[PDB]
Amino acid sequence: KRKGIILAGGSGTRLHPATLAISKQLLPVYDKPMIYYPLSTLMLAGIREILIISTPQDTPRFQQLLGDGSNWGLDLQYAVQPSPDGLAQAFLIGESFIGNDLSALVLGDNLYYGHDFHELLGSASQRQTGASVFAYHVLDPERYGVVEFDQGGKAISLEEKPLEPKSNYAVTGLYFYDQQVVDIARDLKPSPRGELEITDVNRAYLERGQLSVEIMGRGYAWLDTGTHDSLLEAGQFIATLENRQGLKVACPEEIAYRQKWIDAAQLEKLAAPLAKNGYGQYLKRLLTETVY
């Protein structure tokens, strides 16, 4: 059983004054709230029990939007991160929620998309020992956790936001962990950036020979919605796919239905109040159409 965490707080300075009114994670990516994207990622990984961590001010907003998850066949819980003191804090704030389980963390502003993403997630969720992370070729690796490989394609080092990156492979905001993660996190000291770093967690596993770094190929899209510009680009990306296909990306209701976490009667009840816009009409259609 893997438990899931969505880390959806974080500093808002950058996006002010746009996000003076709204935390980044509540802004729409095209036609739905940003949080639906990472939420769908956990769902596609087969995870139904999820802890959403956000700021004292946004946590109540998330609860209002998403409730307890029961309408979607999920178990959502919530916790507050008082200060954005680092990704790895997720595992301290989430210690009691995780228990003795395996886990997965996804970042609030990370959007993934592509063919057979469900299988890629399935493959990582099924390795019960160590940790799995994903490496993606990017233009500006200095902005991210960076992973270096040897001549044989094997991962050999990690560095957080290196001044002189050793590769162009970023470690994306999606992480699968075994039961070792909490104690690793508990032992960390803040980096010089003043954060409790997920890269330090991932390095702990790498130093024990227990970090699986899978390449997320260039056929996938991995987008960061963290700037005004990237938020725009991501909206256009989603729009182009949805308008071409007549299918929506990261509709939790659809995913719950396809996974059999809710039945047709439940989906029909979710479509009603949204019946007057394209979203509800979309849900209704999924009841009478086979989609492969």
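We call the rigid core whatever largest set of C-alpha positions still superposes within 1.5 Å between the two forms. In this text, residue numbers run from 1 along the sequence as written.
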{"property": "Positional deviation of Cα atoms in 9 other deposited structures of this protein after core superposition, greater for 191-199 or 211-219", "result": "191-199"}
{"property": "Of 223-231 and 38-46, which departs more from this form in 9 other deposited structures of this protein by CA RMS after core fitting", "result": "223-231"}
{"property": "Mean C-alpha B-factor comparison - 85-93 and 118-126, higher one", "result": "118-126"}
{"property": "Residue stretch of maximal mean CA temperature factor, 33-41 vs 219-227", "result": "219-227"}
{"property": "Given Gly209, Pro192, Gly173, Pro162, the residue at which the Cα B factor reaches its maximum", "result": "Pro192"}
{"property": "Chain-relative CA temperature factor third for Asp187", "result": "highest"}
{"property": "Third of the chain, ranked by Cα B-factor, where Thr199 sits", "result": "lowest"}
{"property": "CA B-factor placement of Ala265, once the chain's modelled residues are sorted into thirds", "result": "highest"}
{"property": "CA B-factor placement of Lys166, once the chain's modelled residues are sorted into thirds", "result": "middle"}
{"property": "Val291 - Cα temperature factor, lowest/middle/highest third of chain", "result": "lowest"}
